[PDB]
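Just one chain follows, in the form deposited in one PDB entry, and it is written as structure tokens.
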């Protein structure tokens, strides 16, 4: 679920999901179109695509379970949707962590009109 994903992001990066990753670039918090602005935004594009692989799951509300194994995120067995949603969120959180070195506050609250065209998953 959104809140869990937010906590996972905080644990991983030390940044609050909202507002650090809720309105970032073209795809974080509201993706849809355009070329991702940077690596972090690309994390969101892929996460969007990942959720898109699950048209009959409900990532915003469905809660999954995960544990920490010496820092590593391990998605624990739930329903198929929960397992897949967890792996999507896990990837995004790790991707955010791996790209903190280029994260730019200038992309927070990025305007929609600067995101043009469709980029295929």
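Numbering follows the first chain given and starts at 1.
What comes next is about the form solved in complex with a partner chain, which does not appear here.
*Asks:* So, in the bound PDB entry, is residue 48 in contact with its partner chain at a 4.5 angstroms heavy atom limit?
*Replies:* Close contact exists here: in the bound PDB entry, residue 48 approaches its partner chain to within 4.5 Å, heavy atoms only.
*Asks:* Can you check whether residue 13 is within 4.5 Å of its partner chain in the bound PDB entry, heavy atom basis?
*Replies:* No, residue 13 stays farther than 4.5 Å from its partner chain in the bound PDB entry.
*Asks:* In the bound PDB entry, does residue 22 come within 4.5 Å of its partner chain, counting heavy atoms only?
*Replies:* Residue 22: contacts its partner chain in the bound PDB entry.
*Asks:* Within a 4.5 Å heavy atom cut-off, is residue 65 in contact with its partner chain in the bound PDB entry?
*Replies:* Contact check for residue 65: no, nothing within 4.5 Å of its partner chain in the bound PDB entry.
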